[PDB]
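Neighbour counts are summed over all protein chains in view; Cβ atoms, including those assigned to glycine, are modelled from backbone coordinates with ideal geometry. Only the coordinates and a few stated rules stand behind these numbers; no lab work does.
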Amino acid sequence: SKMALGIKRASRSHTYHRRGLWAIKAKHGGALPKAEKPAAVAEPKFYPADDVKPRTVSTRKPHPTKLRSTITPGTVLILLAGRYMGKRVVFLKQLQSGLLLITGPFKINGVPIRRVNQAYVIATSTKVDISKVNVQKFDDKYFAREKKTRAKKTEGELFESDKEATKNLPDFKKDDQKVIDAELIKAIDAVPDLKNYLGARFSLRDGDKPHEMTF
Amino acid sequence: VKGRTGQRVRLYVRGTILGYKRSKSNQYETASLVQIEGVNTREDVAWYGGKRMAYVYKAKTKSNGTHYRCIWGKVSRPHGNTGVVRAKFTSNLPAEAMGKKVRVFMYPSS
Amino acid sequence: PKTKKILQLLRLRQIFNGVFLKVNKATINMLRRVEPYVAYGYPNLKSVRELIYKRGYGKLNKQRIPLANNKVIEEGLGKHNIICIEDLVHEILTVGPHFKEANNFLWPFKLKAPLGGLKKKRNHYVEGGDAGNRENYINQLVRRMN
Amino acid sequence: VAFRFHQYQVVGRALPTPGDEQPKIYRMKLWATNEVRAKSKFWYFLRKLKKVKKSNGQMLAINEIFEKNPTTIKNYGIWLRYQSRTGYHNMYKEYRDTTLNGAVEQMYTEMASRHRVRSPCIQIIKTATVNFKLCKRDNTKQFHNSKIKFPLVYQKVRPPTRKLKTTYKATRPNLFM
Amino acid sequence: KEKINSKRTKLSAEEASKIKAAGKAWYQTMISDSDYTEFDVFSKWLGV
Amino acid sequence: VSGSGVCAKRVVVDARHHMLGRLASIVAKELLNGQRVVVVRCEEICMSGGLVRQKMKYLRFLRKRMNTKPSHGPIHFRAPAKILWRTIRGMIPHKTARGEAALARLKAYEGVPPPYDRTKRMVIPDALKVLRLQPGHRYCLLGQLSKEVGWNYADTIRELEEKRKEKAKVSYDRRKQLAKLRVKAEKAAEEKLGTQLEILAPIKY
RNA sequence: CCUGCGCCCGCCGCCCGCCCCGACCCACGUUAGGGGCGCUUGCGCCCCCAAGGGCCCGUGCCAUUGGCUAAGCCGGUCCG
RNA sequence: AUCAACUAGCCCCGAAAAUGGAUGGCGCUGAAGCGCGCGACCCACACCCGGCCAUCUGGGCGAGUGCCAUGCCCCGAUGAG
RNA sequence: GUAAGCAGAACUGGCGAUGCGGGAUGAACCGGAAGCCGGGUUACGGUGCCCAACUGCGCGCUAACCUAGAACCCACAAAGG
RNA sequence: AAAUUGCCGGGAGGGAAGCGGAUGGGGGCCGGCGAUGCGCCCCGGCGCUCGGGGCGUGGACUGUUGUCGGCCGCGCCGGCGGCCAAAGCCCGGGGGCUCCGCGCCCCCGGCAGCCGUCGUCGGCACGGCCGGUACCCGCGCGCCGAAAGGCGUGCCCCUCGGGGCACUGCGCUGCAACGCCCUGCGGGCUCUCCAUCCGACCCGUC
Ligand SMILES: [Mg+2]
Ligand SMILES: [Mg+2]
Ligand SMILES: [Mg+2]
Ligand SMILES: [Mg+2]
Ligand SMILES: [Mg+2]
Ligand SMILES: [Mg+2]
Ligand SMILES: [Mg+2]
Ligand SMILES: [Mg+2]
Ligand SMILES: [Mg+2]
Ligand SMILES: [Mg+2]
Ligand SMILES: [Mg+2]
Ligand SMILES: [Mg+2]
Ligand SMILES: [Mg+2]
Ligand SMILES: [Mg+2]
């Protein structure tokens, strides 16, 4: 259908439908609108000697990243990298940037709600049921870093005080975690051994061949 | 091994460096040859096409608080029939790196 | 020197260059004198079409111009009522009144080295080598050099 | 799968001349690895037997002959002419195969083995399906025996696929025939 | 998939008679043997 | 031959009834690939073509010597372990740093000295006599060749092996008893656990 | 025999450096044969193809704060 | 059941030289030899696709907001000495 | 001319003037001719180790107590058994 | 100044050394080696520029991922056509062979399960290298939609799905998301030494 869709797109009729020149033939009577001429600034503060070329706010609209077919909500994922490498977690939903939203759950694994790039994940066959878990409270900005400056070089005074301080994960996020994992564990407690399964990590014991091993 | 000490999840597969892409009178350092533990056919190594690899070694002086150094790579394509792969790294592997071990990861997963 | 001259006339002056020929007693007797140097056969619709689209370049004012579009054909041939790549295919395949013009228009094809290899290049196709006439089996060789 | 060799009917005649608007038509059954090599060998025999060259000739039809019952075992005889290092000879052979294509492939193989004769040096005169009770060679006759029974005295030790190849093994391979 | 009258009758029985008779007649032509009774010397060796 | 691809600390190979050339070729690529190999029981390595051909081949080897200084000349070893090492050296580039390092990873012994007698001894199928030689084609043992070309430690290797093989057989019997009581334990425990082991029934053999 | 101001050994306080990532596993013998188990000591039974097997908390951020602890298993150390 | 000639494959004899010694070496014997095949594979500065440098070819730039015009830009092919 | 890596001619090509891959090694044998690079694929030749690539799938022949035998040119072997 | 020599510090060495390509380890050196500015704004003083904050941005070099193109390599699956296709399968018929490979071989006619060869059409999954848009694609001009994308009318077509064509206009027009380091035990280096693999005979001359 890649070529079939491509043939459909370039059809002269269908691109007229797609762009919507009908319903722009509506507003401005029996014609297609005109335009005007911006950039009447008349106030250059500076005059560059290079032949200027202004800032790009691109009109190109990149297609959204694809989700691998076997990443379906409730499926258990294995994390392949990062500090939670080997941890088995629950797949909740794909986010707007394409990153997958996952939960340990933190009661079981110690893995909180976090983004994981689909590349660093192998989907297992087992399925949890999460279609009574509520996840819209999460979005990409929830994880937005709001990173600060470079001035706080971790120095001998600061090394363990940061550990001995607590100005970190704020109260609402830890309250969030209790909401989701409380709901999650009920369906997890249904499936025998599913609680043990998540608490353990995946590992390559000698003689385990990934290209053979079905997941 | 009961009550061992060491890193304690293995998410990688061991691989060994065999040398560079060769003819009997010419050598091409840009592509190295890597034997991967447990692959034994040219069709079995299609699974690893693209997977990242790390040659981890120890240098004589500390930099960033460790003596460990790492150069990363990826598996490109099979080499021959028996399951040897052509490996490309950011820098050409050391000539002394051959006969050593590389870590083949599952990261850019499909 | 005689083999060298004929291959110039056949527009084959580099290895794995390909061109299209009319059968003639005049033509067949030129291939008989350079046969160890060339492989040839009878192309079909798929081979003639894919060669011309994928690897077809035009000879516009002595210059090698890719046939990315139909206007190149119109300005190239035009006078002979050849307007599109699809009629350029037809003109070549069913050898037509302007096969001379539409076949000289096409610059010699630049082919890949054959994916999968050759047999012994030094022998005739009949012996098991690769030279000479391989009539319809030229299409299998087109798939692997195109 | 593919047979390395194929049997062909090739039909041809001289060109119509200002006399003889109906020259005589000839056919052969030829063995070759494709149609192109079949047509070439047709014009070999027809130049040296019936004195018609490809140039002054015309090709009429070429068809591949297939085996009617590939699932059964037929005995075969092949009458062949060949060239040695010091002359020419006639040789007769018996073969057992499910297809006559298979029978011919063995023949070329045993000529290149037992006599170092190459394919460009062998001409097949006659082929036949010699029914048993008339097979001549002793090798072919010892298999014309219901209650046939024998062990496998040679048996390859090898994994199902190369996937299961190792270099080292704990125990020696365990063999018994 | 739903067993519509796939490849229904292209032609009749009598044509199917002559069609299959004709190709089969061409079959004896293809596999026909020469008698080999030209070669008196080799008649015994040839088996004919 | 590419290499085993194994992560063993070393691989001990019981070279009995292996083929010298095929075994040496397998071992040589392993050494180049960074692996360490121990080869034991080199007196038991087999060579195709009988003793007579192999004796003649070795005595042509004794003829080669630097005429003006034989001590500088080719060095003709008699012990089977050294015969194996030079055959392997022939298959390695030994005049480079890389080939020098490869030969360092090889240890070869006559018989099975400690600690290699209480270690598992692997066999290389690609070089075994049963699979590489047709029964009825002449062969000799590398121990037999050495005896006839001047190796004077055949008998001591024979004395030591009998004491080892006897010492190993009582261990065979001791494990034979321990295997049987463990087997009866297998049943007795596997009846104590009933359905609780049901997941293992379809994947057992 | 072992440096009179020189050295050696043993315990814990560890800190680097080094290797590794489960860096687990002993029958002989032959292969036109062999293996395990019972009883005539040979006969029966079962198994013979690859370690392609067995073993091992195999599951803890090289590993959370404390207490308790069977039977079983692994290490260090004592002695024999 | 057997006898006799002939024929042609590999093998063996015919087949002797001086430093020590060469299928390139080690080695190989259901070959790692010889003859014929089947699948892949490996290997050139050669072929294909792309970037860049140079040569050669053919083009565009004034009632000039116009340029080291001996300049910039575009097109195609080419490159041993 | 007994012959010669000998002397003299005819047609074509090569070396000389030319690197590169293969023939272990070689001016003219086989492939192929070249700017500096990335990726792909080939030719001759190969795929037990040296040495990149199968101890791959098939069928026969050979057993050498002579260094069996194993690369176009090419590094011989004959009459005769 | 060089040849050549001594001392101090450093480095390497199994019958040469030096050399060309790679890279790894050490050195030694590099701050234009690598940025912290610009637009809205609120005053408080001199519409223009500095002083405080409020504001979105924004920096060598390098990392990962996504998405679009181009070229390539690999794997799977489906349809159609030719041949007498044959065949196995189910049914029916036809010839001699003489105790035998014997429940033998060969032959033909119907048909409704699989399976060559040659040609062709289609879909799908994986992977490598390059590129990132001033036109080709793409965006705004209407609404819905987070975004994919959808939404209108009329003629023709089968008539399910839905399909195909239609009038076309104005302008605009460098793809993204997150990172790491920031005087450091950092980053790179065309410089020096050394190690290793591959290559590698001393020039000039006739
Ligand atoms: Mg390929
Ligand atoms: Mg070839
Ligand atoms: Mg030639
Ligand atoms: Mg190799
Ligand atoms: Mg010019
Ligand atoms: Mg060029
Ligand atoms: Mg001169
Ligand atoms: Mg290349
Ligand atoms: Mg000086
Ligand atoms: Mg000094
Ligand atoms: Mg160097
Ligand atoms: Mg350096
Ligand atoms: Mg793409
Ligand atoms: Mg029939």
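What's log10 of I(q)/I(0) for chain C at q = 0.13, 0.16, 0.20, 0.21 Å⁻¹, Debye sum over Cα points only, no solvent?
Debye curve over Cα of chain C, log10 I(q)/I(0) at q = 0.13, 0.16, 0.20, 0.21 Å⁻¹: -0.59, -0.89, -1.34, -1.44.
Please compute P(r) over all alpha-carbon pairs of chain D, binned at 10 Å starting from zero, and give each bin as a whole-number percent.
8, 26, 26, 20, 12, 5, 2, 1, 0
Over the Cα atoms of the protein assembly as shown, Rg to Rh with Kirkwood Rh, two decimal places?
Ratio value, two decimals: 1.03.
Picking from C:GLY132, C:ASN61, C:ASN24, whose Cα lies most toward the positive end of the charge dipole for chain C (charges on Cβ: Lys, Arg +1; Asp, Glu -1)?
Positive-most Cα among the choices belongs to C:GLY132.
What is chain A by shape, rounded, prolate or oblate, if you read a ≥ b ≥ c off the alpha carbon gyration tensor as root eigenvalues and call it rounded for a/c under 1.5, prolate for a/b larger than b/c, and oblate otherwise?
oblate
Along the charge dipole of chain E, pointing to its positive end and built from +1/-1 on Cβ of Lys, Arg, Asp and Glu, which listed residue (E:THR9, E:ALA22, E:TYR36) has its Cα farthest out?
Farthest along the dipole direction, towards plus: E:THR9.
Restricting to DSSP H runs of at least four residues, report the calculated mean residue ellipticity at 222 nm for chain C, -39500 (n - 2.57) per run over all residues, nearest 500 deg cm²/dmol. If you can, show how the numbers build up before the last one.
Working: 7 runs with 57 residues, N = 146.
Dividing the helical sum by the residues of chain C leaves -10500 deg cm²/dmol.
Counting DSSP beta bridges in chain F, what percent are antiparallel, to the nearest 5?
Close to 30 percent.
Given the rule -39500 (n - 2.57) for each run of at least 4 DSSP H residues, summed and divided by the residues of chain A, what is its mean residue ellipticity at 222 nm, to the nearest 500 deg cm²/dmol?
For chain A, the value works out to -6500 deg cm²/dmol.
Quick one: dipole size for the stretch B:35-110, taken about the Cα centre, charges +1 on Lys/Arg Cβ and -1 on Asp/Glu Cβ, in debye to the nearest 20.
It comes to approximately 380 debye.
Let me check against my output: what whole-number percent is the relative contact order of chain D, with C-alpha pairs under 8 Å and at least 6 apart?
Normalised by residue count, the contact order of chain D is 18 percent.
If the elastic network links every pair of Cα atoms under 10 Å, which of F:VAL123, F:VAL170, F:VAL13 fluctuates the most in the Gaussian network model of chain F?
Its mean-square fluctuation being the largest, the pick is F:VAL170.
If I build a Gaussian network model for chain A, linking alpha-carbon pairs within less than 10 angstrom, which residue out of A:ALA42, A:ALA190, A:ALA119 has the largest mean-square fluctuation?
In this elastic network of chain A, the residue with the biggest mean-square fluctuation among A:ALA42, A:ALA190, A:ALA119 is A:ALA42.
Viscosity 1.306 mPa s, temperature 10 °C: give me the Stokes-Einstein translational D for the stretch F:93-205 in µm²/s, with Rh taken as the Kirkwood radius over C-alpha pairs.
Result for D is 80 µm²/s.
With N set to the number of residues, divide the alpha-carbon radius of gyration of chain F by 2.2 N^0.38 Å and report two decimals. Each step should come with its number before you reach the end.
Working: Rg = 22.1 Å, N = 205, 2.2 N^0.38 = 16.6 Å.
In units of the globular-protein estimate, chain F measures up at 1.33.
Work out the length of the dipole vector of the protein assembly as shown about its Cα centre, built from +1 on the beta-carbon of each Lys and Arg and -1 on the beta-carbon of each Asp and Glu, and round it to the nearest 20 debye.
2000 debye
Given a cut-off of 20 Å, name the pairs among B:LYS2/F:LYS187; A:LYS127/A:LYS195; D:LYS24/E:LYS18; C:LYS5/C:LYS120; C:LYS2/C:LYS59; F:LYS9/F:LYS120 whose C-alpha atoms lie farther apart than that in the structure shown. Provide the component values of the computation, followed by the final result.
Details: B:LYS2/F:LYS187 26 Å; A:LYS127/A:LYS195 13 Å; D:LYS24/E:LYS18 28 Å; C:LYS5/C:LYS120 25 Å; C:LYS2/C:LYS59 27 Å; F:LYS9/F:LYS120 13 Å.
Flagged as over cut-off: B:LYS2/F:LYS187; D:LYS24/E:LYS18; C:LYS5/C:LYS120; C:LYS2/C:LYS59.
So what are the three principal axis dimensions of the stretch A:68-168 from its Cα atoms, in whole Å, longest to shortest?
Cα extents, longest axis first: 49, 25, 25 Å.
Give me the net charge for the shell around A:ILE108: Cβ to Cβ below 11 angstrom, other residues only, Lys and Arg +1, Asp and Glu -1. Intermediate results must be reported in sequence, preceding the final value.
Working: positive: A:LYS87, A:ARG88, A:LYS107, A:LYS195; negative: A:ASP181, A:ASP189.
Summing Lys/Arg as +1 and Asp/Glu as -1 gives +2.
Given the protein assembly as shown, what percent of its DSSP beta bridges are antiparallel, to the nearest 5?
Roughly 90 percent of the beta bridges in the protein assembly as shown run antiparallel, per DSSP.
Can you give me the orientation-averaged projected area of the convex hull built on the Cα atoms of the stretch D:113-177, in nm²?
Working: hull surface 38.5 nm².
In nm², the orientation-averaged hull projection of the stretch D:113-177 is 9.6.
Expressed as a rounded percentage, what relative contact order does chain B have, with Cα pairs under 8 Å and six or more residues apart?
Numbers: 223 pairs, mean separation 38.3, N = 110.
Averaging sequence separation for qualifying contacts and normalising by length gives 35 percent for chain B.
How large is the helix-only mean residue ellipticity at 222 nm for chain D, computed as the sum of -39500 (n - 2.57) over DSSP H runs with n ≥ 4, divided by its residue count, in deg cm²/dmol to the nearest 500?
Numbers: 3 runs with 33 residues, N = 177.
Calculated from helices alone, the mean residue ellipticity at 222 nm is -5500 deg cm²/dmol.
Can you work out the FRET efficiency for the pair A:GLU146 and C:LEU60, with r the C-beta to C-beta distance and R0 = 60 Å, to the nearest 0.05?
The formula returns an efficiency of 0.50 here.
Using a Gaussian network model of chain A with C-alpha springs under 10 Å, which one of A:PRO38, A:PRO112, A:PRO48 is most mobile by mean-square fluctuation?
A:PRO38
How about D:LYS156: which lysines have a C-alpha closer than 20 Å to its C-alpha, ignoring those fewer than 8 places off in the same chain?
Excluding near neighbours in sequence, the set is D:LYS165, D:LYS169, F:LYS129.
Along the charge dipole of chain D, pointing to its positive end and built from +1/-1 on Cβ of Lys, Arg, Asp and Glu, which listed residue (D:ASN174, D:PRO18, D:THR129) has its Cα farthest out?
Farthest towards the positive end: D:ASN174.
Taking only C-alpha pairs under 8 Å that are 6+ residues apart, what is the relative contact order of the stretch A:58-215 in percent?
Across the stretch A:58-215, relative contact order equals 25 percent.
Shape of the stretch F:7-105 from its Cα gyration tensor (a ≥ b ≥ c, root eigenvalues): rounded if a/c is under 1.5, otherwise prolate when a/b > b/c, or oblate?
Here the stretch F:7-105 falls in the oblate category.
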